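All remarks here apply to the structure that follows.
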Amino acid sequence: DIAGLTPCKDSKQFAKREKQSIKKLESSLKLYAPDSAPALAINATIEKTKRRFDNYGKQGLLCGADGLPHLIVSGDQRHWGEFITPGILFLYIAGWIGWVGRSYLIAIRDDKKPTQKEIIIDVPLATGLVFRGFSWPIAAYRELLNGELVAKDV
Amino acid sequence: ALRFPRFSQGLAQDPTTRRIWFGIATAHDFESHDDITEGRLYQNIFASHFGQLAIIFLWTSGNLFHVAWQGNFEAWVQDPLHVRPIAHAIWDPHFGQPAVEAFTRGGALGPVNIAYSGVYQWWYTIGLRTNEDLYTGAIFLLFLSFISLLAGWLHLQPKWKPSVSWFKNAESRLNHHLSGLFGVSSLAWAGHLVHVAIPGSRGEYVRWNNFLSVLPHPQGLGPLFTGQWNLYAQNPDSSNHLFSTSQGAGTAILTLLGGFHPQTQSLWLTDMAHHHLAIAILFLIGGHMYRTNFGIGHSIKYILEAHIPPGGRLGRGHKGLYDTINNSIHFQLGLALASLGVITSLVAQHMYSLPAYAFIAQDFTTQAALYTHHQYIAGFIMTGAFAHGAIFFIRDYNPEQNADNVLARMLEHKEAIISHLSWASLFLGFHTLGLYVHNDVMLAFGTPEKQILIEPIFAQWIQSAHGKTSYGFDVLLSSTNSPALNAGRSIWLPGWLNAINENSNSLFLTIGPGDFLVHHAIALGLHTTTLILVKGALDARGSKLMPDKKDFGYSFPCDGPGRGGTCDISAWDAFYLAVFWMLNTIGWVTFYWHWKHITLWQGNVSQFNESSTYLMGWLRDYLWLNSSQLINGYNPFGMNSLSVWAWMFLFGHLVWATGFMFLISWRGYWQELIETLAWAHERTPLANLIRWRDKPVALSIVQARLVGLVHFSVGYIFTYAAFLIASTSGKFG
Amino acid sequence: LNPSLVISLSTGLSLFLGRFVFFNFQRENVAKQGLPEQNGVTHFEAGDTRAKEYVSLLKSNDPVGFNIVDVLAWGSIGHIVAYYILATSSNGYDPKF
Amino acid sequence: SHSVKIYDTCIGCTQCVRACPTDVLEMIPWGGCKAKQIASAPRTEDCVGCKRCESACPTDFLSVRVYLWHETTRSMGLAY
Amino acid sequence: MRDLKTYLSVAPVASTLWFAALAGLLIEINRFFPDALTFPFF
Amino acid sequence: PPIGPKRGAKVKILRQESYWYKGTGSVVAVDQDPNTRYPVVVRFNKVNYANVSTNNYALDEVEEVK
Amino acid sequence: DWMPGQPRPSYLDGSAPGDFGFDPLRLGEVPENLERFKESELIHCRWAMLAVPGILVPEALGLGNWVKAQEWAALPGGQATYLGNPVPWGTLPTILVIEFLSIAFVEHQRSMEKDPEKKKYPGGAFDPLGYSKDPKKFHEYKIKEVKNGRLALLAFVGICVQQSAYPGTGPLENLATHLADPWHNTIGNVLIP
Ligand code: CLA
Ligand code: CLA
Ligand code: CLA
Ligand code: CLA
Ligand SMILES: CCCCCCCCCCCCCCCC(=O)OC[C@H](COP(=O)(O)OC[C@@H](O)CO)OC(=O)CCCCCCCCCCCCCCC
Ligand SMILES: CC1=C(/C=C/C(C)=C/C=C/C(C)=C/C=C/C=C(C)/C=C/C=C(C)/C=C/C2=C(C)CCCC2(C)C)C(C)(C)CCC1
Ligand SMILES: CC1=C(/C=C/C(C)=C/C=C/C(C)=C\C=C/C=C(C)/C=C/C=C(C)/C=C/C2=C(C)CCCC2(C)C)C(C)(C)CCC1
């Protein structure tokens with residue numbers, strides 16, 4: 001397939017890893033009781049392992065000769081769940097944080113003692129500003145067209 | 001004067017030991033000596049160049065003479081794969097008998113050293129066969145050393161010293177260096193290959209006493225003038241040839257095949273002769289550009305002044321750069337060092353993937369040694385290329401004469417350059433270290449399937465475009481009917497595709513997640529070293545914390561503790577900080593190369609591919625695992641021939657640590673200690689009858705930094721060299 | 001194919017072009033570029049003995065001013081063209097459509 | 001002996017002369033400032049180069065400057 | 001009491017609270033949707 | 001007729017060795033007596049590296065901004 | 001105006017033949033750039049106006065399309081054919097040399113003039129019937145020439161893009177393919193394959 005990687009459903013190495021880890025867990029299990037709390041913890045971990053391997057099977061990830069999952073970030077459309085849509089999520093959240101921070105900085109810059117509001121936050125003001133990040137993209141766009149994002153004469 | 005040193009009167013009147021130290025470390029900075037002219041500076045540098053040339057010839061003379069005298073060459077030529085080449089003999093009176101027995105190898109009659117420079121393979125490749133050739137060459141090199149010295153002397157008297165404006169004729173020098181120094185030399189080397197080495201690898205021994213009587217081709221110089229050059233490639237060496245024999249030999253002298261020689265896993269000799277001829281033609285034609293005494297050609301200054309884009313986005317363009325470059329020697333040296341550094345690591349990258357010498361790809365230790373040597377020298381050359389830019393900005397830069405051209409414009413937005421370099425290096429560091437730590441944690445918890453393993457799909461794509469068929473991309477040279485594969489299928493594409501698709505050479509090794517991560521670490525290193533050096537250069541004329549820095553020189557301790565404190569504010573200090581990052585970066589690069597290759601040479605590539613993605617893998621499976629033989633070189637039960645490396649390994653660890661002292665402890669503490677000692681001595685009987693002549697003092701601040709850095713990097717190089725050689729030589733595989 | 005035929009054909013064409021088509025454009029570009037200068041003066045007027053133009057052989061009895069140097073330059077242009085033509089016309093190389 | 005130079009931006013606050021540990025500096029009369037005062041450096045053969053004067057100057061940028069130069073016995077602060 | 005409200009908004013306390021809440025949020029997310037390597041939704 | 005910018009004006013600094021160079025400050029006093037080479041006294045919004053917030057300037061190092 | 005309701009450039013008033021106020025990239029913000037650009041525009045327009053009949057006519061005839069007609073050259077025994085007759089001097093190298101010499105001579109001749117009104121409208125030995133009689137029908141002819149030239153350039157680039165979409169086709173084969181099923185053979189099939 002892409003870069004020679006075959007699917008984790010069809011990968012024998014992927015399966016081998018799954019069953020090796022599972023029965024290593026279950027060899028560590030055969031102790032303490034068949035019902036004591038340690039046994040219950042170990043069985044929960046076994047079930048979580050099965051869920052993890054099966055989910056990676058469902059999601060159509062690519063495996064190599066190692067038997068572990070690989071990531072395709074080229075832009076191919078069968079793999080946007082790997083990098084590009086979590087990347088869009090990240091860029092949105094990051095811009096949110098930074099936009100709120102810059103608007104707070106601007107809001108307090110005209111105070112007589114601006115440093116007093118830097119080391120001691122004005123929490124009601126920030127509470128009014130937190131939710132503008134929700135539309136930070138549109139605002140930042142109309143602030144770029146306005147000639148309003150970049151400090152003139154710097 | 002009236003004292004050492006003569007060049008500085010200010011140092012000569014220094015009554016402390018400082019006078020001696022600084023006397024030595026200022027001896028070649030000619031621009032800082034008393035009564036210096038332009039002519040004296042230029043003439044000193046010319047004679048110094050001649051001295052360095054003599055040095056190089058004497059050193060290569062020594063190597064030739066010593067392997068011809070105490071060496072192994074003759075037996076090595078009979079079986080290059082089953083004998084170890086000798087460097088020279090050991091005579092050490094502190095030796096005990098078991099060490100005497102331990103170091104006696106290679107068939108010698110006493111203790112010797114094995115060579116790893118690779119000179120047996122290189123000299124064998126170009127034609128030398130018996131000890132008389134090596135003796136001959138050594139004597140000729142001695143002669144050329146003496147002639148170099150004679151010219152150096154001759155060009156220092158009157159009646160023979162050139163003028164400053166002879167040295168400032170740039171068009172003349174470039175014409176000669178392009179068509180004479182690069183073109184004629186490459187033509188004569190193509191000649192040596194066609195006349196001596198191509199026959200040498202076919203059984204015949206052409207030498208000075210018979211070469212006028214042996215044709216290099218069956219129809220000598222006929223084809224060349226009649227025009228049909230193709231006859232020179234009409235019968236290549238068959239692909240079952242044995243190097244220094246006639247079995248399977250052809251007659252061609254120039255080819256274009258692409259592949260390797262099947263037996264030696266090396267480049268064809270005919271390919272290299274043809275390459276040198278081609279580039280010599282290019283250089284000769286291109287060395288006729290600029291104008292001289294004959295009324296045709298180009299003025300460099302006019303080309304530079306005519307290149308200004310309308311719309312004024314580059315300001316005044318390049319107007320006035322000819323005189324900025326022609327009048328500054330530090331500018332020219334920075335340019336020279338930058339170009340030479342880039343092509344030095346290009347040498348490193350091309351000599352391991354496309355070996356030129358026969359039976360050198362099968363000598364693993366020489367491969368690793370050569371690669372590490374050339375990469376480290378390239379790194380030092382880069383740091384110097386950037387240092388002389390800051391020296392140029394301080395000393396020789398003239399603002400009003402460069403008004404509004406590209407250079408002053410660089411100075412005008414230094415904040416935007418430094419800020420973006422800073423952003424880039426922050427980004428790379430954050431994400432690279434973050435993914436490595438993610439992976440390490442994932443494996444500590446027993447879940448290696450939870451790793452983040454990004455696949456380098458762009459480098460895999462570029463490898464496909466060169467004809468690799470391991471990733472099924474089917475692009476240029478890897479597709480079926482594309483014009484790229486179609487237009488070259490007849491000449492070099494067979495050999496190239498045959499070599500690139502073999503998986504026991506080093507031509508485009510397979511890559512995976514580990515390669516991705518370490519390549520981003522390499523990018524981080526390059527960006528951060530560039531940030532340090534560029535900031536040091538662009539801030540050397542002054543900053544906001546010290547706006548008059550240019551009035552203080554390239555190197556000075558500080559500006560005292562005022563204004564918050566100014567430790568390490570000179571541009572010399574930026575260089576000193578950048579050397580650490582250079583060493584770290586070359587470390588990452590060479591660790592990558594050596595681990596990948598040592599697992600490939602063992603048929604255990606999956607080991608690297610699995611352990612390279614988390615840092616515990618690097619620490620345990622590369623550093624710890626490959627150290628056993630070296631550190632067992634000597635032990636309570638005896639010593640073997642790894643002893644000298646087991647010793648050296650520790651030397652490097654010691655020197656390094658001593659460098660920490662000079663770097664962490666600073667001057668005042670030591671000066672007070674020394675005052676105490678001076679009292680003690682002056683007060684003791686039978687010993688105060690002895691009087692020093694220089695008052696002892698602690699070292700200087702800049703001096704202490706330099707001495708610490710020297711210890712640090714000496715320790716660095718020595719420990720890594722010992723480990724690399726002992727861990728490849730111990731396996732010899 | 002016939003070497004000297006092609007050789008002198010390419011050479012004569014190059015020299016004719018140099019003397020009758022580009023001779024003006026070339027002289028104008030050489031005039032406007034001029035002699036190389038260091039610090040405002042030419043290389044001779046700063047004290048370089050060996051960097052003085054060769055006025056003696058440059059002068060010529062041509063009606064327009066063709067001399068030995070133009071002949072050398074353009075003639076070898078023609079020679080390089082002739083050799084490229086010869087080599088690739090006898091090299092047997094063939095791409096494919 | 002180091003070099004010490006006084007520049008005409010001096011406001012004549014005398015803070016540099018009070019700080020010198022070897023008595024290099026001095027106040028002299030002037031006419032270019034409200035204080036009619038200016039610093040001078042008549043005794044630079046005794047300067048140890050501590051820059052204690054520069055830490056004391058309030059003008060922007062400095063009005064007293066110390067350029068470290070050739071070293072002697074007095075300049076190095078040697079008692080032996 | 002007002003002085004306490006001010007003190008609680010001094011930098012170290014504010015950051016402590018902000019990050020403890022953020023930590024609880026990410027911890028609970030990962031306790032509900034464990035071992036995520038991709039965006040499996042759309 | 002007095003000299004220089006008005007008291008409490010907004011001026012831009014042109015002395016490139018200054019910390020506040022190409023920034024702005026507010027005039028507070030302009031020494032009218034000639035024989036002073038730096039009459040204008042400017043107070044700034046931020047302190048420099050020496051923890052100082054006011055400095056004297058000449059008449060041409062100061063340019064009135066609006 | 002090229003965009004009703006869009007302010008004109010200051011340096012483009014509307015007197016030049018073809019000025020409709022179109023220069024969104026301000027590449028003609030320098031006058032001595034704009035003069036060269038006018039001469040350059042006319043040269044390109046004239047080459048394309050001569051070319052597109054040379055691309056359409058022989059394909060409408062019983063000959064091969066503009067790409068097919070230049071394919072003997074990439075084979076060793078190449079030999080051209082005009083109107084179905086084997087060109088005697090048809091081999092490649094003679095053609096390359098002759099093309100070079102002739103084109104170089106005429107193009108340098110063009111470069112050696114400095115009017116700069118002659119650079120775009122020399123006339124004389126190039127205006128036989130003397131259509132430069134009257135300066136008012138003259139300006140009209142200039143506008144019609146430049147307008148047809150911009151149309152011709154549009155059509156030549158259209159030919160090239162349709163070529164790279166359907167390799168091994170001609171323009172008239174494209175027109176036939178489109179008249180054979182108008183609602184089904186259109187650009188959509190090469191923009192959403
Ligand atoms: C292992 C040692 C080490 C490390 C990690 C660094 C790291 C760094 N150096 Mg440095 N350096 C070192 C040794 C080191 N150096 C030495 C020995 C020298 C010679 C004196 C230098 C000299 C030097 C210079 C001159 C410069 C740097 C620069 C930098 C920064 C480069 C930008 C970057 O990569 O982004 C970030 C990379 C990182 C690795 C940061 C890692 C730390 C993360 C954020 C930990 C996260 C904290 C976490 C939440 C828990 C906190 C715990 C809590 C108790 C606080 C970076 C932070 C350059 C710079 O400043 O760039 C702008 C620069 O100019 N270095
Ligand atoms: C054809 C005429 C000619 C020639 C041959 C030279 C030759 C030389 N000149 Mg000179 N020069 C000339 C004319 C000429 N010059 C004129 C007319 C002027 C006046 C304008 C000057 C002014 C001048 C000055 C002022 C200086 C020189 C210098 C030099 C020396 C350069 C240093 C060196 O040897 O490195 C060797 C360089 C090469 C061999 C070519 C570069 C090779 C590249 C970088 C890579 C090689 C690739 C290959 C893989 C290497 C193989 C490795 C393997 C064998 C191990 C060199 C021998 C310097 C000097 O003389 O030092 C004493 C110097 O100071 N020249
Ligand atoms: C062709 C290359 C070249 C040339 C001609 C020069 C020339 C010059 N350099 Mg330069 N430089 C270069 C490359 C070069 N450099 C490179 C590659 C670097 C990066 C390392 C530098 C970095 C550099 C700096 C930072 C400085 C110079 C300076 C200078 C000037 C005076 C140097 C001097 O004599 O001080 C004296 C020479 C020494 C003190 C060398 C002795 C100490 C060395 C480092 C110890 C050697 C290690 C040890 C002995 C070996 C191992 C020990 C053993 C156990 C094996 C001079 C004009 C200095 C200057 O004056 O500014 C203009 C300056 O400060 N250079
Ligand atoms: C491995 C690194 C290293 C080494 C070797 C030393 C060594 C030394 N330190 Mg130091 N130190 C270090 C790291 C190191 N330090 C670091 C990182 C720091 C920063 C915190 C300091 C901070 C520090 C301070 C503050 C002080 C010292 C002091 C001393 C000296 C102690 C007196 C002594 O033991 O004499 C004996 C010498 C040795 C043990 C060195 C080894 C001796 C060798 C093996 C002898 C070989 C001789 C050989 C044949 C020479 C001939 C070779 C020929 C080619 C020339 C000593 C020379 C103290 C001092 O000066 O005491 C008076 C002092 O106060 N150190
Ligand atoms: C194989 C030999 C290796 C050396 C080749 C290099 C020599 C050829 C070029 C030299 C040009 C001399 C320029 C005039 C310089 C000159 O001759 O001027 C004479 C010099 C006086 O100095 P000046 O007043 O001329 O100083 C002006 C300076 O700016 C010029 O450099 O007096 C001395 O000889 C001091 C001797 C100290 C010797 C110190 C010992 C250093 C040991 C190593 C020395 C080199 C050996 C290298 C081997 C590793
Ligand atoms: C500071 C300073 C200085 C110095 C500087 C430096 C040091 C720089 C550098 C730099 C560098 C270090 C650079 C580099 C570079 C590189 C480049 C620029 C490249 C390239 C190329 C290309 C583009 C390629 C292409 C290709 C081919 C050819 C084929 C194959 C494919 C490819 C694509 C690859 C000086 C003195 C000057 C001045 C003063 C200041
Ligand atoms: C007298 C006269 C005349 C005549 C003229 C003539 C006859 C001419 C000429 C001329 C010529 C006829 C010239 C030539 C030539 C030159 C040159 C200068 C050359 C060259 C070449 C080169 C330089 C190179 C070569 C090569 C080599 C060596 C190697 C391989 C290949 C090659 C190609 C690279 C007439 C009547 C018309 C007119 C009047 C006057």
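Note on naming: chains are A, B, ... as they come in the structure tokens, residues start from 1 per chain, ligands start from 1 in the order shown.
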
Produce as a compact mmCIF listing (two decimals) with C-alpha atoms, in the first residue's frame the set of residues near ligand 6, where near means within 6 Å with only C-alpha atoms and all ligand atoms considered.
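Contents of result.txt, freshly written:
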# COMPACT_ATOMS: atom_id res chain seq x y z
CA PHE B 331 34.46 39.29 4.30
CA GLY B 334 33.92 34.30 5.69
CA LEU B 335 32.72 33.60 2.15
CA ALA B 338 31.18 29.04 4.18
CA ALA B 385 32.66 31.11 8.46
CA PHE B 386 30.17 32.82 10.72
CA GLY B 389 31.32 37.74 9.40
CA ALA B 537 27.03 38.68 13.83

Do you know which residues are at most 10 Å from segment 140-145 of chain A counting only C-alpha atoms, after dropping those on the same chain fewer than 6 positions away, and could you put them as a JSON list (two decimals) with N, CA and C atoms, in the first residue's frame?
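Ended up saving to around_15.json:
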[["chain", "number", "residue", "atom", "x", "y", "z"],
["A", 95, "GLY", "N", -5.36, 29.46, 18.65],
["A", 95, "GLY", "CA", -5.75, 30.81, 18.34],
["A", 95, "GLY", "C", -6.70, 31.37, 19.37],
["A", 99, "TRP", "N", -5.73, 34.70, 21.25],
["A", 99, "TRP", "CA", -6.59, 35.84, 20.97],
["A", 99, "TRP", "C", -7.15, 36.42, 22.26],
["A", 133, "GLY", "N", -12.91, 34.26, 22.08],
["A", 133, "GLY", "CA", -12.13, 33.30, 21.33],
["A", 133, "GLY", "C", -12.99, 32.36, 20.52]]

Practice task
Take atom CA of residue 8 of chain B and atom CA of residue 64 of chain D and report the distance between them in Å, one decimal.
Solution key: 27.7 Å

Determine, using only C-alpha atoms, which residues of chain F have any atom at most 12 Å from an atom of chain A, and tabulate each with its shortest atom pair and distance in Å to one decimal place, rows ordered by chain and then rising number, as a tab-separated table.
residue	atom	partner	partner_atom	distance
F:21	CA	A:154	CA	11.9
F:22	CA	A:154	CA	9.1
F:23	CA	A:154	CA	9.5
F:45	CA	A:112	CA	10.5
F:46	CA	A:115	CA	11.2

Problem - At most 6 Å from ligand 7 (only C-alpha atoms and all ligand atoms): residue list as a PyMOL selection string - result: chain C and resi 71-73+75-76+79-80+83

For C-alpha atoms, I'd like the residues from the last selection saved as a compact mmCIF listing (two decimals), in the first residue's frame.
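Produced file selection-v1.txt, reproduced below:
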# COMPACT_ATOMS: atom_id res chain seq x y z
CA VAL C 71 38.68 36.44 -34.05
CA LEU C 72 39.85 34.20 -31.21
CA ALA C 73 36.61 34.52 -29.24
CA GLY C 75 36.21 31.40 -33.87
CA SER C 76 36.34 29.20 -30.82
CA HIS C 79 34.66 25.35 -32.90
CA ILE C 80 32.73 24.40 -29.77
CA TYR C 83 32.38 19.63 -31.94

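The spacing separating atom CA of residue 11 of chain E from atom CA of residue 121 of chain A amounts to 7.0 Å.
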
Practice task
Collect all residues with atoms no farther than 6 Å from ligand 5, counting only C-alpha atoms and all ligand atoms, and output them as a ChimeraX atom specification.
Solution key: /B:6-7,30,33,44,47-48,51,55,152

Export, as a PDB file, in the first residue's frame, the selected residues with C-alpha atoms.
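The result, written out as result_27.pdb:
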ATOM      1  CA  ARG B   6      57.961  42.328  19.535  1.00  0.00           C
ATOM      2  CA  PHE B   7      54.733  42.947  17.643  1.00  0.00           C
ATOM      3  CA  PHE B  30      48.431  40.842  11.909  1.00  0.00           C
ATOM      4  CA  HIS B  33      50.394  44.557  15.628  1.00  0.00           C
ATOM      5  CA  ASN B  44      52.716  38.535   5.724  1.00  0.00           C
ATOM      6  CA  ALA B  47      54.265  34.191   3.007  1.00  0.00           C
ATOM      7  CA  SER B  48      52.111  32.463   5.635  1.00  0.00           C
ATOM      8  CA  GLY B  51      54.401  28.076   4.844  1.00  0.00           C
ATOM      9  CA  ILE B  55      53.467  21.929   5.878  1.00  0.00           C
ATOM     10  CA  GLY B 152      57.690  31.831   0.740  1.00  0.00           C
TER      11      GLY B 152
END

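Between atom CA of residue 129 of chain A and atom CA of residue 23 of chain E lies a distance of 22.0 Å.
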